[PDB]
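Read the single chain below, which is given as structure tokens and is the form deposited in one PDB entry.
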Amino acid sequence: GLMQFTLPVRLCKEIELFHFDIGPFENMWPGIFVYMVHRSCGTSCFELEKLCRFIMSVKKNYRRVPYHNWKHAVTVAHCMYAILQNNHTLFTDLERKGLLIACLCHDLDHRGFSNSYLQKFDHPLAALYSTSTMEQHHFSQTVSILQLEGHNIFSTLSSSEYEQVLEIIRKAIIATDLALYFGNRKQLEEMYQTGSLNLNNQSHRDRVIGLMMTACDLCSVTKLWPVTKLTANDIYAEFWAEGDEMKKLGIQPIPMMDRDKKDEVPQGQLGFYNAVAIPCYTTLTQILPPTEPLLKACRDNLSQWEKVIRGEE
């Protein structure tokens, strides 16, 4: 109860910033997450024995893939922590509890392959879940881990609070299906511009939580340039392996996944920042003004990718 987690001074300071990198020491990531839960939620939100056993089961159910791994889970949870801390009064106690856990769990048991590859492969998960295939798997895995003896971190919530937090987590994890992001941001863009956006409207909150999840999930593009660039290597290592597996099924992959088109990466990154990243953090910065540093970081990184094309790096 009186047991805080405490980080070294550089981490204590930098963890509060949107662009914090969690570092290469895996054995500190659990404590970094607990630290974030304690400051974001309170030292009473979770029984420490049950939270620590939840964190270690979640870690075990992430695989050794180049990008969609345990480090990504903790990184995405840190971005969410930064959003919640800079927007203190806007979120309920249940939402703060649920969203950090949703981020930690959002890619549980990822295999390093897109929904599209599962469908073309004819993977069993694609028969069980026709859309948001991996994302429904991730939520399924989250529920399974919550139901292990000793792993129910939500046990001290009332019946209705428990149903509300699982519903927050489910929507939050489904929203990380990027195929749903485009329509979600268009709607939010319309509602903000016509003035109809209303954070007391549950269907509006859902949409805003949806965009926060996309923003945390894409946060690789909001780091300092050297983190952004080195993370892109891991992203393309998964994508190119998937492209290799498409070719094995006798399907030419899209250029994004074809390692034979490495050359076009800088131009592909431009389209991505223009089509997805910038619109995302722009609409988020309109709805949640204190998240502006993410939009500034993203634009800085667009400019770094522009310089790569121009041969300046």
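All residue numbers are counted from 1 along the displayed sequence. Residues that one form lacks are left out of the comparison. We call the rigid core the largest set of C-alpha positions that still match within 1.5 Å between the two forms.
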Discussion item. Per the record, averaged over C-alpha atoms, which has the higher B-factor: 284-292 or 64-72?
Written reply: 284-292
Item to complete: Compare the mean C-alpha B-factor of 47-55 with that of 267-275 as given in the PDB entry, and name the stretch with the higher value.
Response: 47-55
Item to complete: Could you tell me which one of 176, 233, 115, 156 shows the highest CA temperature factor in the PDB record?
Response: 156
Worksheet entry | Highest-ranked of 109, 217, 135, 149 once sorted by CA temperature factor in the record | 149
Worksheet entry | CA B-factor placement of residue 82, once the chain's modelled residues are sorted into thirds | lowest
Response to the item:
Quick tally, chain-level thirds of C-alpha B-factors: residue 195 sits in the highest
Worksheet item: Comparing residue 42 with the other modelled residues of its chain, is its CA B-factor in the lowest, middle or highest third?
Response: highest
Worksheet item: Thinking about Cα B factors across the chain, which third does residue 163 belong to?
Response: highest
Discussion item. Quick check for you: using the entry's CA B-factors within this chain, is residue 92 in the lowest, middle or highest third?
Written reply: highest
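There is another form of this protein, the form deposited in another entry, and it is not shown here; the text below is about that form.
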Worksheet item: Rigid core fitted, is the C-alpha displacement of residue 23 between the shown form and the other one 2 Å or more?
Response: yes
Discussion item. I want to check residue 296: does it shift between the shown form and the other one by 2 Å or more at the Cα, with the core superposed?
Written reply: no
Worksheet item: Fitting the two forms on their core, which runs of three or more residues have every Cα moved by 2 Å or more between the shown form and the other one?
Response: 1-10, 23-27
